[PDB]
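To start, the structure under review is shown below, and the notes come after it.
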Amino acid sequence: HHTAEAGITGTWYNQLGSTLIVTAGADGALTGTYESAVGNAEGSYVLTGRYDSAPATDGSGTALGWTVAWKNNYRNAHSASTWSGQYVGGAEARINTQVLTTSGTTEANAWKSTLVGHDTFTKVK
Ligand SMILES: C[C@@H]1NC(=O)N[C@@H]1CCCCCC(=O)O
Ligand code: NA
Ligand code: NI
């Protein structure tokens, strides 16, 4: 079965109450911070990612992804999440993602290292 720069930049909110603050660069960079409303997390965490900086103009969304490692000055959950999805522009803009969250585990426990979920981001709370 296998601009965005202007549209992605700013603050987004997911269905869990988490907050994403991101700047999209002209050549595909995403940089910013993330504050999770759930899990072993407090305060903001560094976020970095990439997006398609020259997406198709045929009605398709804009592919992107980013990562947060859940370590900051306050806590370290020994885990990292990566969101993969697309930005869909317009009056009801969305970033629709699926997200993998991997914890450091022993080798014996590796089969239960990684969650899969889905987060939908909107520009209004
Ligand atoms: C991926 C989910 N979407 C989200 O906004 N936060 C969740 C992840 C929280 C993980 C916090 C660190 C931990 O508990 O391991
Ligand atoms: Na694993
Ligand atoms: Ni956790």
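First listed ligand is number 1; within each ligand, the first listed atom is number 1. Just so you know, residue 1 is the first one in the sequence shown, and it goes up from there.
Of all atoms in ligand 1, numbered sequentially from 1 with element shown, those under 4.0 Å from a heavy atom of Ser18 are 4 (C), 5 (O). If you number the atoms of ligand 1 from 1 as listed, the ones under 4.0 Å from a heavy atom of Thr101 come out as 1 (C). Close approach to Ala77 involves these atoms of ligand 1, each under 4.0 Å from a residue heavy atom: 12 (C), 13 (C), 15 (O). For ligand 1 and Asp119, the ligand atoms under 4.0 Å from any heavy atom of the residue are 2 (C), 3 (N), 4 (C), 5 (O). Atom numbering of ligand 1 starts at 1 in the shown order; those under 4.0 Å from a heavy atom of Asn14 are 3 (N), 4 (C), 5 (O).
Looking at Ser79, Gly39, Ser36, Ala41, it is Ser79 that brings a heavy atom closest to atom 15 (O) of ligand 1. The option from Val38, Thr97, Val99 that lies nearest to atom 1 (C) of ligand 1, judged by heavy atoms, is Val99.
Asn14 CG to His118 NE2: the interatomic distance, rounded to the nearest 0.5 Å, is 11.5 Å. In this structure, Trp83 CH2 and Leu64 CG are separated by 12.0 Å, a value rounded to the nearest 0.5 Å. Atoms CZ and CD, from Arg94 and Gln86 in turn, are 13.5 Å apart once rounded to the nearest 0.5 Å.
Aromatic ring pairs are classed by plane angle as parallel below 30°, tilted from 30° to 60° and perpendicular above 60°; the pair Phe121 and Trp66 is perpendicular.
If you check which protein heavy atom lies closest to atom 14 (O) of ligand 1, you get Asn40 N, 2.8 Å. Looking only at heavy atoms of the protein, atom 4 (C) of ligand 1 is closest to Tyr34 OH, 3.6 Å. Closest to atom 8 (C) of ligand 1 among all protein heavy atoms lies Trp70 CZ2, 3.9 Å.
An N or O contact shorter than 3.5 Å is missing between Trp83 and ligand 1 by distance. Backbone and side-chain nitrogen or oxygen atoms of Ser81 are examined, and none is located within less than 3.5 angstrom of a nitrogen or oxygen of ligand 1.
With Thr9 contributing its side chain and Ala24 its backbone, the two residues share a donor-acceptor pair below 3.5 Å.
Annotation for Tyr45 and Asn40: closest pair OH-O, 4.2 Å, computed over non-hydrogen atoms.
Atom CG of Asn73 is surrounded by 12 or fewer heavy atoms from other residues, nucleotides or ligands within 6.0 Å. When the shell of 6.0 Å around CD of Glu42 is examined, it contains more than 12 heavy atoms from other residues, nucleotides or ligands.
Put simply, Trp111 stays out of reach of the Na ion (ligand 2), with no N, O or S atom under 3.0 Å from it. Taking 3.0 Å as the threshold, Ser113 counts as a candidate ligand of the Na ion (ligand 2), since one of its N, O or S atoms lies below it.
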- Task: Dump the intermediate steps for side-chain hydrogen bond (donor to acceptor under 3.5 Å, both in side chains) on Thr101 and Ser81, then the final yes or no.
- Result: CA-CA 4 Å; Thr101 298; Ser81 294; 2.7 Å; yes
